[PDB]
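Just below is one structure, and these are the notes that go with it.
Number of protein chains: 2
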Amino acid sequence: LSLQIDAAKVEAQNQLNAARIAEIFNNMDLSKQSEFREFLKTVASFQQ
Amino acid sequence: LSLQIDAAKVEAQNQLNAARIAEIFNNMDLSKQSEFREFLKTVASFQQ
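Sequences listed follow chains P and F, in order. Each position in the first sequence, counted from 1, maps to that position plus 629 in UniProt numbering. Each position in the second sequence, counted from 1, maps to that position plus 629 in UniProt numbering.
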């Protein structure tokens, strides 16, 4: 029963680990793409 | 029953690993190609 408890706690910890890591990438992308879209307007102002 | 949970622990880790692999691959690639657009237009300003 100790082996069943240990495996269940680690398995639940893997789900909580993935939730913390996966939330970063998707949200960072929306900020990064908007940062380079804003940079287009800055560079093109000096280009003309 | 102990080893059945151990197998499900590794299985749960596999499904969550593959999910975070796909997210970070698309987000990093699209941001990297966007940074090249800024670099291209900046160099074009220096030439002229």
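A virtual CB, placed ideally from N, CA and C, is assigned to each residue, including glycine.
Query, Result
"Buried versus exposed call for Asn-646 (chain F) [16 or more other C-beta atoms within 10 Å across all chains shown]", "exposed"
"Closer than 7 Å at the beta carbon, the chain F residues around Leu-632 (chain P)", "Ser-631"
"Neighbouring residues, chain F, relative to residue 603 (chain P) (Cβ below 8 Å)", "Any answer about residue 603 (chain P) is impossible in this case: the structure gives chain P only from 630 up to 677."
"Chain P contact for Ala-647 (chain F) (CB, 8 Å cutoff)", "no"
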